[PDB]
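A structural walkthrough
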Amino acid sequence: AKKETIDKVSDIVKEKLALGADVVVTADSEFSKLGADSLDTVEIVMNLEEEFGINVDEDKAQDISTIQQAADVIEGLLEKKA
Ligand SMILES: *OP(=O)(O)OCC(C)(C)[C@@H](O)C(=O)NCCC(=O)NCCSC(=O)CCCCCCCCC
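The following refers to the structure shown.

This part takes up the overall build of the chain. In terms of helices and strands, the chain carries four helices and zero strands. Mapped in sequence order, the helices and strands of the chain form the string α-α-α-α. Here the chain has a C-alpha radius of gyration of 12 Å; the compact-globule value for 82 residues is 12 Å, and the two agree. Along the three orthogonal principal directions, the C-alpha set of the chain runs to about 40 × 25 × 20 Å.

Shown next, in the form of structure tokens:
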């Protein structure tokens, strides 16, 4: 995934887990480290699915460990369609 796609996901996540002002997010930052809980984590994918207009199961998003990890998977879905 490019730096642009990462910024979009990071922007939404940091905002979802906090204000994003007092929180630092990186492509190497793990979702668990950010504090993303079960109630939050589900919200992260929910917003991304709506923002990116895609659909992904939580089971598949298991290989996700960092922000970019999800970014790469999402980019793949976009390429699949159209
Ligand atoms: O929701 P919470 O109160 O945290 O409940 C936790 C729970 C008690 C259910 C615990 O037993 C639990 O987590 N069970 C499920 C197994 C588990 O530990 N899952 C961890 C989820 S973390 C995860 O998936 C990290 C990546 C998240 C990616 C989200 C964005 C993906 C976009 C494609």
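This part is about the side chain of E75. For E75, the position within the fold is in helix α4 (residues 67–80). In contact with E75, not counting residues within four places along its chain, are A1, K2 and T5.

What follows concerns α4. Here α4 spans 21 Å end to end across 14 residues, near enough to the 20 Å set by a 1.5 Å rise per residue. All of the buried residues in α4 are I67, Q68, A70, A71, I74 and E75. Down the axis of α4, the buried side of the element spans an arc of 145 degrees, and every buried residue falls inside it. Across from the buried face of α4, at angles greater than 90 degrees, the exposed residues are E79 and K80.

Here we come to the site of the ligand. In the vicinity of the ligand, the contacting residues are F31, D37, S38, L39, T41, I44, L48 and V56. Separating an oxygen atom of the ligand from a backbone N or O atom of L39 is a distance of 2.9 Å. Within the complex, 51% of the 820 Å² of free accessible area of the ligand lies under protein. When residues in the shell around the ligand are grouped by element, the largest group, five residues, is from helix α3 (residues 38–52). Residue composition of the shell around the ligand, grouped by class: five nonpolar, two polar and one charged.

Further remarks concern the packing of helix α1 (residues 3–17) against α3. At a minimum axis separation of 10 Å, α1 and α3 run at an interaxial angle of 140 degrees. When the axes of α1 and α3 are compared, the pair comes out oblique. Between α1 and α3 lies a crossing of right-handed hand. Of the residues in α3, those in contact with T5, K8, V9, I12, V13, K16 and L17 of α1 are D40, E43, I44, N47, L48, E51 and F52. For the contact of α1 with α3, the per-class residue count stands at seven nonpolar, two polar and five charged.

Between α1 and α4, the shortest axis-to-axis distance is 9 Å and the interhelical angle comes to 120 degrees. Between α1 and α4, the angle falls in the class oblique. When the axes of α1 and α4 are compared, the crossing they make is right-handed. Counted together, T5, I6, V9, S10 and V13 of α1 and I67, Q68, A71, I74 and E75 of α4 form the full contact between these two elements.

Criteria and thresholds
- In this document, every chain is numbered from 1 following its sequence as written, which may not correspond to the numbering used in the entry; residues for which no coordinates exist are not shown.
- Where side-chain values are given, they derive from all heavy atoms of the structure, hydrogens and water being excluded.
- Residues with missing side-chain atoms are left out of burial classes, side-chain pairs and their counts.
- Strands here are runs of E lasting at least two residues and helices are runs of H or I lasting at least four, both read from the DSSP assignment and numbered beginning at the N terminus.
- Radius of gyration here is computed from C-alpha atoms only, and the compact-globule reference equals 2.2 Å multiplied by the residue count raised to the power 0.38.
- By the convention used here, residues are in contact when the closest approach between their heavy atoms is within 4.5 Å.
- Expected helix span is given by 1.5 Å per residue-to-residue step, counting one fewer step than there are residues.
- Burial classes: relative accessible area under 20% of the type maximum marks a residue as buried, over 50% as exposed, and values in between as partly exposed (1.4 Å probe, protein chains only).
- Note that the arc is computed from the directions linking the helix axis to the C-beta atoms.
- The nearness test applies per residue and asks whether one of its heavy atoms lies within 4 Å of the molecule or strand.
- The definition of a polar contact used here is a pair of N or O atoms within 3.5 Å, where within protein one atom must be able to donate a hydrogen and the other to accept one, and adjacent residues in sequence count solely through side-chain atom pairs.
- Accessibility throughout is a Shrake-Rupley quantity obtained with a 1.4 Å probe, and a residue counts as covered only by protein chains that appear here.
- Side-chain classes follow a simple rule in which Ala, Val, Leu, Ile, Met, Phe, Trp, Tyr, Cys and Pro form the nonpolar group, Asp, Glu, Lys and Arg form the charged group, and the remainder, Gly included, forms the polar group.
- Interaxial angle, 0 to 180 degrees, is taken between N-to-C directions of lines fitted to C-alpha atoms, where a helix line uses only the stretch in contact.
- To sort the angles, those under 35 degrees are grouped as roughly parallel, those over 145 as roughly antiparallel, those from 65 to 115 as roughly perpendicular, and the leftovers as oblique.
- With the far helix as reference, a near helix turned anticlockwise by less than a right angle produces a left-handed crossing, and one turned clockwise produces a right-handed crossing.

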